[PDB]
Amino acid sequence: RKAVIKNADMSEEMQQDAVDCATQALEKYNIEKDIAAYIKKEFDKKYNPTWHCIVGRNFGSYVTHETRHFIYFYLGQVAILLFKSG
Amino acid sequence: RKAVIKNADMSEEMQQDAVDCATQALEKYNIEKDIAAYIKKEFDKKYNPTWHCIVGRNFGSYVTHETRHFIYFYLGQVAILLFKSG
Amino acid sequence: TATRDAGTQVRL
Amino acid sequence: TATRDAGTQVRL
């Protein structure tokens, strides 16, 4: 599947890194929590804490994120929200 | 509906405030984003920033939260994750 | 340290 | 300023 980026406040290279990371997570895990945790932990390590990740087929959200550290995209059957705060 | 608290790291009084707040949000809004935004904005105001809220029928998450500022509960047909970070 | 508030929604 | 990591999952 190709990611559909629905809303981003993030550099193009970091957006591509987010999609690449989620692609590996989807190969490894079918449980949304595991996908989220894989992505969150990778981004903490590569881009410093503190990241938060929500993965789901049906949810809404309202969050506060550091400027340039927000992406919300569809990949396969899940929506993925990934952002930095704190 | 009575809330079912699934996981909390939060004072009993704040947990009850979270449930009371979500109850008002569910009366006012049917869109998950609006429910989330109502709760997040109320908690920013009452308990200081920075709160984040996810409301959904089907999602997983992995987040980092300040100690004693995390609750995850079911209310009606939605799961609600509310936590403080940053 | 600048921030933004943002909402998301899965829509049918 | 102490924190914890936490996961949630809607399960059937």
Side-chain angles (χ1 to χ4, degrees), chain A residues 4-10 32-33 36 51-67 69-75 77-86, chain B residues 3-8 10 14-66 69-86, chain C residues 2-10 12, chain D residues 6-10:
Chain A
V4 180
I5 299 186
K6 297 307 265 46
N7 195 12
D9 177 16
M10 185 180 281
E32 290 85 346
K33 174 182 67 60
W51 293 82
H52 315 275
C53 189
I54 295 79
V55 176
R57 287 167 168 79
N58 222 96
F59 70 97
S61 74
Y62 199 82
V63 309
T64 297
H65 65 86
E66 299 181 9
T67 293
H69 296 85
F70 173 96
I71 190 180
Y72 174 64
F73 63 102
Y74 299 160
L75 185 56
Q77 306 166 61
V78 293
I80 303 179
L81 162 69
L82 172 67
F83 67 99
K84 186 172 191 300
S85 176
Chain B
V4 180
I5 299 186
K6 297 307 265 46
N7 195 12
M10 185 180 281
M14 282 193 32
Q15 290 184 42
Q16 186 61 48
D17 217 349
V19 174
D20 289 350
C21 174
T23 296
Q24 297 173 242
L26 287 183
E27 286 167 26
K28 296 179 181 297
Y29 310 116
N30 55 320
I31 303 300
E32 290 85 346
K33 174 182 67 60
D34 297 342
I35 297 160
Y38 183 91
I39 300 168
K40 177 273 200 295
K41 288 170 189 292
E42 181 167 322
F43 264 59
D44 275 356
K45 188 180 156 60
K46 270 191 216 173
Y47 298 104
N48 298 319
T50 301
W51 293 82
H52 315 275
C53 189
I54 295 79
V55 176
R57 287 167 168 79
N58 222 96
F59 70 97
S61 74
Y62 199 82
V63 309
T64 297
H65 65 86
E66 299 181 9
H69 296 85
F70 173 96
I71 190 180
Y72 174 64
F73 63 102
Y74 299 160
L75 185 56
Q77 306 166 61
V78 293
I80 303 179
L81 162 69
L82 172 67
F83 67 99
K84 186 172 191 300
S85 176
Chain C
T3 62
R4 313 177 187 284
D5 300 342
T8 72
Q9 176 66 47
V10 169
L12 200 59
Chain D
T8 72
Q9 176 66 47
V10 169

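These values consider heavy atoms only, across backbone and side chains, with no hydrogens, waters or symmetry-generated copies. Proteins get letters first, then strands, A, B, ... in listed order; numbering begins at 1 in each.
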Listed partners of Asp9(A) passing salt bridge (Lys or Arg N to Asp or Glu O under 4.0 Å), at least two apart: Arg4(C)
Heavy-atom pair of closest approach, residues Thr67(A) and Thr3(C): OG1-N, 3.8 Å
Nearest-0.5 Å distance, CD1 of residue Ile35(B) to OG of residue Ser61(A): 12.5 Å
Exercise: identify the closest heavy-atom pair between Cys21(B) and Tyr38(B): O-CE2, 3.8 Å
Side-chain heavy atoms of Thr64(A) within contact of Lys40(B), under 4.5 Å: yes
Side chain proximity check, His69(B) to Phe43(B), heavy atoms < 4.5 angstrom: no
Close side-chain approach of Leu81(A) and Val63(A), heavy atoms under 4.5 Å: yes
Atom pair CG/CD1 of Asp20(B) and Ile39(B) - distance to nearest 0.5 Å: 11.0 Å
Pairwise distance CD1(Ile5(A)) to CG(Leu75(A)) - rounded to 0.5 angstrom: 10.0 Å
Expected output: side-chain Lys84(A) to main-chain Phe70(A) donor-acceptor under 3.5 Å: no
Distance (rounded to the nearest 0.5 Å) between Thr8(D) OG1 and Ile71(B) CD1: 12.5 Å
Considering all heavy atoms, the nearest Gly60(B)-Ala36(A) contact: O-CB, 4.5 Å
Nearest heavy atoms of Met14(B) and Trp51(B), plus distance in Å: CE-CH2, 3.7 Å
Side chain to side chain donor-acceptor pair (under 3.5 Å) between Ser85(A) and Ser85(B), intermediate numbers included: CA-CA 6 Å; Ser85(A) 176; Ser85(B) 176; 4.8 Å; no
Validation row, ring centre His52(A) to ring centre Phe83(B) under 6.0 Å: yes
Close side-chain approach of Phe59(A) and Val10(D), heavy atoms under 4.5 Å: no
Nearest-0.5 Å distance that lies between atom CG in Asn58(A) and atom CD in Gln77(B): 11.0 Å
Flag, side chain of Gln15(B) to backbone of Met10(B), donor-acceptor distance under 3.5 Å: yes
Nearest-0.5 Å distance, CD of residue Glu32(B) to CD1 of residue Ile54(B): 12.5 Å
